[PDB]
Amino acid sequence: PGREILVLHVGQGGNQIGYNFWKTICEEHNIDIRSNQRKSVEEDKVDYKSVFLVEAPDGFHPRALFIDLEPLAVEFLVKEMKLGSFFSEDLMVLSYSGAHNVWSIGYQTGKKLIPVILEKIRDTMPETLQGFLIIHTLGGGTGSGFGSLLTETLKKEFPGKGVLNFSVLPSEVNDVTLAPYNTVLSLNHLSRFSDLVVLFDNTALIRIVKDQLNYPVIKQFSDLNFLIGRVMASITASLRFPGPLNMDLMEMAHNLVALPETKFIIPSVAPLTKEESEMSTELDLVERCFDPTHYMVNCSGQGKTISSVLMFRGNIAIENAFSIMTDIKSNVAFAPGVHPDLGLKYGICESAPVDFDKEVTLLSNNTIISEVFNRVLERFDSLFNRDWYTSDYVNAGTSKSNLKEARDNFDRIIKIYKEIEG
């Protein structure tokens, strides 16, 4: 026993993303998400299912909680995707009132559910649990505020366990006008309590789906969220399947987090299709991951990499993975203080993702974070300097002074990344 992870999905986006993640995990372990059983004994591969799956005598269940302050997103998802016996009622922590896109309402209202959540966790969590993943968007009220509260709560209640966030930033034009306040409040909270924050945004996800997968239409968020699920599954693949070089959650965080504050990470994956996986080299895939076309956060350029983690999955030539390292260091811009021999952390797993020959996943700690975050700050200031939209934050326990305090800490983080850039 050991290595187990518990996944908390918070708000509409966090729970919708959870569908794609759990679908991917079940497929990788040849588990039928509808029957809760192995699809077959003969195709049961050597693996470690306990990382994300609880095996009970009746079948497999996700080590997850599905948390929201309104019931519609989760209930509709479970009905449409036929998840009733996998996303079961005993794993749901739902209320009725909603956060109304205000971080402060999500935070305050979520406090009422913390006892129930902690009881569910302490009911079924093994003592050898390595950590928690919190999946949430930053621009709404529940994912942002309740997700922030949960990050704080888990770090306090479970010392020595990793707390990692997979967090969706607002789009280039925000689709929630309150998103700057919610994003600054969330990033401030995660800077204080998360061990590592892996970021995504829908502008980048849409670009990848339209340009790398060439989907003719995106009709549901599943046709975007699958990319987030791919990152989550691939970066944990070496905990779950054999390979030459495995790595756990805090192993990856320790290699990325150069200074305590530099914990905000941009992911990328290559390739995106089976056909590309069968007609590519390790060098080609790594170069794609380091190219802004493949970043899952919308960036103006390659920035400067401080530190990176690369997971190689599938039919990988180890000599190519190693031999290309000097090429990565020569062709990709790293921050000025990074020694020519440093800034890379490798994992290598023999299991390829569904039907692919091979795949590379990159987690990059990149100074371009400062540009992404500066844009959030500029949006925040445009509202705050006019006192726009502050009333419902104030009424839910976030004073205007508190809003400014969060903004100023956010700016301190931006400046640390900018200083490292040079």
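Start at 1 and count along the sequence shown; that's the residue number. Between two forms, the rigid core is defined as the largest C-alpha subset superposing within 1.5 Å.
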Farther-lying stretch by C-alpha RMS in 8 other deposited structures of this protein (rigid core fit) among 337-345, 278-286 | 278-286
Please work out whether 41-49 or 373-381 has the higher root mean square C-alpha deviation in 8 other deposited structures of this protein relative to the shown form, with the rigid core as fitting region?
-> 41-49
Going by the B-factors listed in the PDB entry, is the mean over the C-alpha atoms higher for 82-90 or for 96-104?
-> 82-90
On average, are the C-alpha B-factors higher in 39-47 or in 392-400?
-> 39-47
Out of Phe146, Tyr215, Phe312, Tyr295, which one has a C-alpha B factor higher than all the others in the entry?
-> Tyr215
From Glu172, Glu276, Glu152, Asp195, the top C-alpha temperature factor is at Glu276
Where does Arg34 sit by CA temperature factor within its chain: lowest, middle or highest third?
-> highest
What third of its chain, lowest, middle or highest, does the C-alpha temperature factor of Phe66 fall into?
-> middle
Relative to the other modelled residues in the chain, which third contains the C-alpha temperature factor of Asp341: lowest, middle or highest?
-> middle
Assert third(CA B-factor, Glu28) within chain per record equals middle
Split the chain's modelled residues into thirds by Cα B-factor; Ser370 lands in the highest
